[PDB]
Amino acid sequence: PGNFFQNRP
Amino acid sequence: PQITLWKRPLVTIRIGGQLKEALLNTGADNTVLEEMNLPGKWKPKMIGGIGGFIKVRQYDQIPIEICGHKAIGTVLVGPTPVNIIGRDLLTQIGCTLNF
Amino acid sequence: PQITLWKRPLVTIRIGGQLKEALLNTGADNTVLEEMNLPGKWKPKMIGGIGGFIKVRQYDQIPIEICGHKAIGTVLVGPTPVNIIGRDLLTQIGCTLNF
């Protein structure tokens, strides 16, 4: 895996 | 410019005359944009991260302007929740992390 | 330091006396660590990524040392593929994106 986009709760 | 991180680092990109909003993401190896018709051959690819993997289409040699800087490279197109500039293109525009 | 993006921007972090490797991630709102035990009170949360959503535990006011710099703030713990330092902590240690 190589895309570590993360959106808050 | 020096981009602080108090808010998401969202920038305008221009690709084939179309203006889009995209996230500068040092945690992405590659750039992935929301579905768009791009010119040329493409290959299917799987990209992963938190939550698992999604299928995208990989195009090559695509010019894109990010905050006034010209780049050319690989763009992936797929059902990403947000347009994402990854390290492939962040390097081309000369981006470093500084602290 | 100033950190190139030709390779993933991985740093050593220290939390609860343990050493881990983590990715400096301008595309993450929060800091998300691989499953591990932390003391204290927590709340369950759902976070989103490129591929979907995962369940995490939210712990507050947790001390962490990131490539030399003390920070104290919120840590989410759950099944992330890699340890991620997000914007909440990057701002605490003075990290900017520069091009």
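Per chain, numbering begins at 1; letters A, B, ... match sequence-line order.
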Of all heavy-atom pairs between [X] and [Y], which one has the smallest distance, and what is that distance?
X	Y	result
C:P81	A:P1	CB-CG, 4.0 Å
A:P9	C:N30	CD-OD1, 3.8 Å
C:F53	C:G48	CD2-CA, 3.7 Å
B:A28	B:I84	CB-CG2, 3.8 Å
B:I62	B:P39	CD1-O, 4.0 Å
B:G78	B:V56	CA-CG1, 3.9 Å

Please report the interatomic distance [atom1]([X]) to [atom2]([Y]), rounded to the nearest 0.5 Å.
X	Y	atom1	atom2	answer
B:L90	C:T4	CG	OG1	11.0 Å
C:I66	C:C95	CD1	SG	9.5 Å
B:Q92	B:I72	CD	CD1	7.5 Å
B:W42	B:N37	CH2	CG	12.0 Å
C:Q2	C:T96	CD	OG1	9.0 Å

Check whether any side-chain heavy atom of [X] lies under 4.5 Å from a side-chain heavy atom of [Y], and answer yes or no.
X	Y	value
C:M46	C:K55	yes
C:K20	C:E34	no
B:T80	C:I50	yes
C:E35	C:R57	yes
C:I15	C:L38	yes
B:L76	A:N3	no
C:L10	C:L23	yes
C:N25	A:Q6	no

Quiz item: Do B:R8 and B:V82 pass the side-chain contact (heavy atoms from CB on, under 4.5 Å) test, and can you show the C-alpha distance, the side-chain angles, and the key distance before you say yes or no?
Solution: CA-CA 11 Å; B:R8 296 177 176 127; B:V82 134; over 6 Å; no
Quiz prompt | Partner residues of C:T74 under the side chain to side chain donor-acceptor pair (under 3.5 Å) criterion, sequence neighbours left out | solution =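 Only C:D60 meet the side chain to side chain donor-acceptor pair (under 3.5 Å) criterion with C:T74.
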Check: [Y] main-chain N/O paired with [X] side-chain donor or acceptor under 3.5 Å:
X	Y	result
C:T91	B:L5	no
C:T31	C:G86	yes
B:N83	B:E21	yes
C:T26	B:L24	yes

Exercise. Using the ring pair (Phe, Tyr, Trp, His ring centres under 6.0 Å) rule, collect all pairs that involve residues 80-99 of chain C, keeping only residues at least two apart or in two chains.
Key: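 Ring pair (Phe, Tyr, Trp, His ring centres under 6.0 Å) check on residues 80-99 of chain C returns B:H69-C:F99.
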Exercise. Among C:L19, C:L33, C:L89, find the one that has a side-chain contact (heavy atoms from CB on, under 4.5 Å) with C:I13.
Key: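 Going through the options one by one, the only one that passes is C:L33.
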Quiz item: Checking side-chain contact (heavy atoms from CB on, under 4.5 Å) for the pair B:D29/B:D88: CA distance, chi angles, key distance, verdict?
Solution: CA-CA 6 Å; B:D29 303 335; B:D88 63 343; over 6 Å; no
Quiz prompt | side-chain contact (heavy atoms from CB on, under 4.5 Å) assessment of C:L97 paired with B:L97 | solution = CA-CA 5 Å; C:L97 256 167; B:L97 278 171; 3.9 Å; yes
